[PDB]
Amino acid sequence: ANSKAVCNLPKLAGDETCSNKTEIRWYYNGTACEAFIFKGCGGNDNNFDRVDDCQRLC
């Protein structure tokens, strides 16, 4: 595996039609950890629930 590689996965906000609560998450864009509205389902690993977790990995 390779946990650092998750840092270049594309931002994926998830499926709007799910019944999950939406939530702030963070993703790495190559120069910064950027906040986005995660739809609470789907997505990929470039998805952090704290800016600190994004910064400590990417």
# chains A, B, ... in the order shown; residues from 1 in each chain; ligands from 1
>>> residues_around(residues="residue 5 in chain A", least_positions_apart="5", cutoff="10 Å", atoms="only C-alpha atoms", output="number ranges by chain")
A: 45-46, 57-58
>>> closest_residue(among="A:55, A:37, A:50, A:30", to="residue 12 in chain A", atoms="only C-alpha atoms")
A:37
>>> closest_residue(among="A:56, A:15, A:20, A:2", to="residue 32 in chain A", atoms="only C-alpha atoms")
A:56
>>> select_by_dssp(residues="chain A", states="strand (DSSP E)", output="ChimeraX atom specification")
/A:23-28,33-38
>>> closest_residue(among="A:13, A:51, A:8, A:26", to="residue 38 in chain A", atoms="only C-alpha atoms")
A:13
>>> closest_residue(among="A:27, A:22, A:17, A:4", to="residue 44 in chain A", atoms="only C-alpha atoms")
A:27
>>> closest_residue(among="A:23, A:9, A:14, A:1", to="residue 43 in chain A", atoms="only C-alpha atoms")
A:14
>>> select_by_dssp(residues="chain A", states="alpha helix (DSSP H)", output="PyMOL selection string")
chain A and resi 51-57
>>> decode(residues="range 21-54 of chain A", atoms="N, CA, C and O atoms", output="PDB file, in the first residue's frame")
ATOM      1  N   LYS A  21     -26.048  12.561   6.583  1.00  0.00           N
ATOM      2  CA  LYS A  21     -25.767  13.950   6.928  1.00  0.00           C
ATOM      3  C   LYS A  21     -24.510  14.442   6.204  1.00  0.00           C
ATOM      4  O   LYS A  21     -23.508  13.729   6.131  1.00  0.00           O
ATOM      5  N   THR A  22     -24.550  15.668   5.671  1.00  0.00           N
ATOM      6  CA  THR A  22     -23.335  16.213   5.068  1.00  0.00           C
ATOM      7  C   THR A  22     -22.434  16.796   6.162  1.00  0.00           C
ATOM      8  O   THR A  22     -22.889  17.138   7.260  1.00  0.00           O
ATOM      9  N   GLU A  23     -21.144  16.926   5.846  1.00  0.00           N
ATOM     10  CA  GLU A  23     -20.143  17.304   6.841  1.00  0.00           C
ATOM     11  C   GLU A  23     -18.983  18.003   6.152  1.00  0.00           C
ATOM     12  O   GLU A  23     -18.625  17.649   5.031  1.00  0.00           O
ATOM     13  N   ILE A  24     -18.372  18.973   6.844  1.00  0.00           N
ATOM     14  CA  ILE A  24     -17.093  19.525   6.399  1.00  0.00           C
ATOM     15  C   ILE A  24     -16.030  18.440   6.406  1.00  0.00           C
ATOM     16  O   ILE A  24     -15.853  17.727   7.397  1.00  0.00           O
ATOM     17  N   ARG A  25     -15.283  18.332   5.309  1.00  0.00           N
ATOM     18  CA  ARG A  25     -14.058  17.539   5.296  1.00  0.00           C
ATOM     19  C   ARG A  25     -12.961  18.355   4.616  1.00  0.00           C
ATOM     20  O   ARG A  25     -13.208  19.437   4.076  1.00  0.00           O
ATOM     21  N   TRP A  26     -11.738  17.824   4.634  1.00  0.00           N
ATOM     22  CA  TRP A  26     -10.609  18.493   4.009  1.00  0.00           C
ATOM     23  C   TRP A  26      -9.975  17.581   2.968  1.00  0.00           C
ATOM     24  O   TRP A  26      -9.987  16.359   3.104  1.00  0.00           O
ATOM     25  N   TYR A  27      -9.443  18.181   1.912  1.00  0.00           N
ATOM     26  CA  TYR A  27      -8.675  17.440   0.927  1.00  0.00           C
ATOM     27  C   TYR A  27      -7.429  18.235   0.549  1.00  0.00           C
ATOM     28  O   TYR A  27      -7.387  19.465   0.659  1.00  0.00           O
ATOM     29  N   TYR A  28      -6.407  17.511   0.102  1.00  0.00           N
ATOM     30  CA  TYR A  28      -5.133  18.109  -0.275  1.00  0.00           C
ATOM     31  C   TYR A  28      -5.143  18.402  -1.769  1.00  0.00           C
ATOM     32  O   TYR A  28      -5.540  17.550  -2.570  1.00  0.00           O
ATOM     33  N   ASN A  29      -4.738  19.613  -2.150  1.00  0.00           N
ATOM     34  CA  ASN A  29      -4.744  19.989  -3.557  1.00  0.00           C
ATOM     35  C   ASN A  29      -3.346  20.212  -4.124  1.00  0.00           C
ATOM     36  O   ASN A  29      -3.216  20.710  -5.255  1.00  0.00           O
ATOM     37  N   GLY A  30      -2.295  19.857  -3.378  1.00  0.00           N
ATOM     38  CA  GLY A  30      -0.933  20.036  -3.820  1.00  0.00           C
ATOM     39  C   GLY A  30      -0.219  21.217  -3.197  1.00  0.00           C
ATOM     40  O   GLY A  30       1.019  21.238  -3.185  1.00  0.00           O
ATOM     41  N   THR A  31      -0.963  22.205  -2.698  1.00  0.00           N
ATOM     42  CA  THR A  31      -0.365  23.339  -2.011  1.00  0.00           C
ATOM     43  C   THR A  31      -1.019  23.637  -0.681  1.00  0.00           C
ATOM     44  O   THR A  31      -0.482  24.456   0.070  1.00  0.00           O
ATOM     45  N   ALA A  32      -2.170  23.044  -0.386  1.00  0.00           N
ATOM     46  CA  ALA A  32      -2.915  23.374   0.820  1.00  0.00           C
ATOM     47  C   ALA A  32      -3.941  22.288   1.083  1.00  0.00           C
ATOM     48  O   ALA A  32      -4.328  21.546   0.179  1.00  0.00           O
ATOM     49  N   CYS A  33      -4.394  22.222   2.328  1.00  0.00           N
ATOM     50  CA  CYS A  33      -5.562  21.425   2.684  1.00  0.00           C
ATOM     51  C   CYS A  33      -6.788  22.320   2.594  1.00  0.00           C
ATOM     52  O   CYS A  33      -6.829  23.383   3.220  1.00  0.00           O
ATOM     53  N   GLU A  34      -7.774  21.896   1.810  1.00  0.00           N
ATOM     54  CA  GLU A  34      -8.893  22.738   1.410  1.00  0.00           C
ATOM     55  C   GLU A  34     -10.185  22.129   1.929  1.00  0.00           C
ATOM     56  O   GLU A  34     -10.384  20.913   1.842  1.00  0.00           O
ATOM     57  N   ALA A  35     -11.057  22.963   2.479  1.00  0.00           N
ATOM     58  CA  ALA A  35     -12.304  22.457   3.035  1.00  0.00           C
ATOM     59  C   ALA A  35     -13.350  22.264   1.942  1.00  0.00           C
ATOM     60  O   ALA A  35     -13.395  23.010   0.958  1.00  0.00           O
ATOM     61  N   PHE A  36     -14.200  21.246   2.117  1.00  0.00           N
ATOM     62  CA  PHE A  36     -15.304  21.038   1.188  1.00  0.00           C
ATOM     63  C   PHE A  36     -16.460  20.369   1.921  1.00  0.00           C
ATOM     64  O   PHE A  36     -16.291  19.823   3.020  1.00  0.00           O
ATOM     65  N   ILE A  37     -17.648  20.438   1.317  1.00  0.00           N
ATOM     66  CA  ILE A  37     -18.824  19.757   1.863  1.00  0.00           C
ATOM     67  C   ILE A  37     -18.825  18.330   1.323  1.00  0.00           C
ATOM     68  O   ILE A  37     -19.113  18.094   0.141  1.00  0.00           O
ATOM     69  N   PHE A  38     -18.515  17.379   2.195  1.00  0.00           N
ATOM     70  CA  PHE A  38     -18.661  15.962   1.886  1.00  0.00           C
ATOM     71  C   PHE A  38     -20.110  15.537   2.087  1.00  0.00           C
ATOM     72  O   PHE A  38     -20.724  15.842   3.114  1.00  0.00           O
ATOM     73  N   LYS A  39     -20.656  14.815   1.114  1.00  0.00           N
ATOM     74  CA  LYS A  39     -22.058  14.437   1.177  1.00  0.00           C
ATOM     75  C   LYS A  39     -22.302  13.240   2.091  1.00  0.00           C
ATOM     76  O   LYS A  39     -23.455  12.835   2.271  1.00  0.00           O
ATOM     77  N   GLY A  40     -21.266  12.694   2.716  1.00  0.00           N
ATOM     78  CA  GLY A  40     -21.463  11.685   3.736  1.00  0.00           C
ATOM     79  C   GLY A  40     -21.552  10.272   3.225  1.00  0.00           C
ATOM     80  O   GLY A  40     -21.865   9.366   4.008  1.00  0.00           O
ATOM     81  N   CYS A  41     -21.283  10.062   1.940  1.00  0.00           N
ATOM     82  CA  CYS A  41     -21.295   8.751   1.322  1.00  0.00           C
ATOM     83  C   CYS A  41     -20.370   8.794   0.116  1.00  0.00           C
ATOM     84  O   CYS A  41     -20.099   9.859  -0.432  1.00  0.00           O
ATOM     85  N   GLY A  42     -19.876   7.623  -0.277  1.00  0.00           N
ATOM     86  CA  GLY A  42     -18.923   7.582  -1.377  1.00  0.00           C
ATOM     87  C   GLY A  42     -17.610   8.222  -0.980  1.00  0.00           C
ATOM     88  O   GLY A  42     -17.114   8.052   0.143  1.00  0.00           O
ATOM     89  N   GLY A  43     -17.035   8.969  -1.909  1.00  0.00           N
ATOM     90  CA  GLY A  43     -15.778   9.624  -1.645  1.00  0.00           C
ATOM     91  C   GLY A  43     -14.587   8.704  -1.817  1.00  0.00           C
ATOM     92  O   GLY A  43     -14.681   7.530  -2.206  1.00  0.00           O
ATOM     93  N   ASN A  44     -13.421   9.266  -1.517  1.00  0.00           N
ATOM     94  CA  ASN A  44     -12.176   8.504  -1.537  1.00  0.00           C
ATOM     95  C   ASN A  44     -11.318   8.948  -0.353  1.00  0.00           C
ATOM     96  O   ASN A  44     -11.751   9.721   0.501  1.00  0.00           O
ATOM     97  N   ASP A  45     -10.090   8.456  -0.292  1.00  0.00           N
ATOM     98  CA  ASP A  45      -9.274   8.673   0.899  1.00  0.00           C
ATOM     99  C   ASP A  45      -8.671  10.066   1.012  1.00  0.00           C
ATOM    100  O   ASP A  45      -8.105  10.384   2.068  1.00  0.00           O
ATOM    101  N   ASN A  46      -8.761  10.900  -0.026  1.00  0.00           N
ATOM    102  CA  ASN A  46      -8.275  12.277   0.081  1.00  0.00           C
ATOM    103  C   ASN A  46      -9.387  13.084   0.749  1.00  0.00           C
ATOM    104  O   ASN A  46     -10.061  13.925   0.146  1.00  0.00           O
ATOM    105  N   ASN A  47      -9.564  12.805   2.035  1.00  0.00           N
ATOM    106  CA  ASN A  47     -10.770  13.203   2.748  1.00  0.00           C
ATOM    107  C   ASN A  47     -10.457  13.084   4.237  1.00  0.00           C
ATOM    108  O   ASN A  47     -10.278  11.973   4.762  1.00  0.00           O
ATOM    109  N   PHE A  48     -10.386  14.220   4.921  1.00  0.00           N
ATOM    110  CA  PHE A  48      -9.900  14.291   6.292  1.00  0.00           C
ATOM    111  C   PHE A  48     -10.922  15.048   7.125  1.00  0.00           C
ATOM    112  O   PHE A  48     -11.445  16.076   6.686  1.00  0.00           O
ATOM    113  N   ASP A  49     -11.198  14.571   8.330  1.00  0.00           N
ATOM    114  CA  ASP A  49     -12.192  15.291   9.115  1.00  0.00           C
ATOM    115  C   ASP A  49     -11.575  16.364  10.004  1.00  0.00           C
ATOM    116  O   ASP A  49     -12.313  17.037  10.727  1.00  0.00           O
ATOM    117  N   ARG A  50     -10.256  16.535   9.959  1.00  0.00           N
ATOM    118  CA  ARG A  50      -9.557  17.632  10.609  1.00  0.00           C
ATOM    119  C   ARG A  50      -8.502  18.139   9.654  1.00  0.00           C
ATOM    120  O   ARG A  50      -7.858  17.342   8.970  1.00  0.00           O
ATOM    121  N   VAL A  51      -8.294  19.455   9.638  1.00  0.00           N
ATOM    122  CA  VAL A  51      -7.215  19.985   8.808  1.00  0.00           C
ATOM    123  C   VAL A  51      -5.873  19.412   9.264  1.00  0.00           C
ATOM    124  O   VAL A  51      -4.990  19.138   8.440  1.00  0.00           O
ATOM    125  N   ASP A  52      -5.724  19.156  10.571  1.00  0.00           N
ATOM    126  CA  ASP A  52      -4.482  18.581  11.085  1.00  0.00           C
ATOM    127  C   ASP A  52      -4.172  17.220  10.479  1.00  0.00           C
ATOM    128  O   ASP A  52      -2.997  16.891  10.255  1.00  0.00           O
ATOM    129  N   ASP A  53      -5.197  16.384  10.284  1.00  0.00           N
ATOM    130  CA  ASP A  53      -4.947  15.060   9.729  1.00  0.00           C
ATOM    131  C   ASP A  53      -4.469  15.172   8.297  1.00  0.00           C
ATOM    132  O   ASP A  53      -3.600  14.411   7.858  1.00  0.00           O
ATOM    133  N   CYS A  54      -5.054  16.104   7.544  1.00  0.00           N
ATOM    134  CA  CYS A  54      -4.612  16.347   6.178  1.00  0.00           C
ATOM    135  C   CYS A  54      -3.168  16.835   6.154  1.00  0.00           C
ATOM    136  O   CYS A  54      -2.350  16.358   5.361  1.00  0.00           O
TER     137      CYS A  54
END
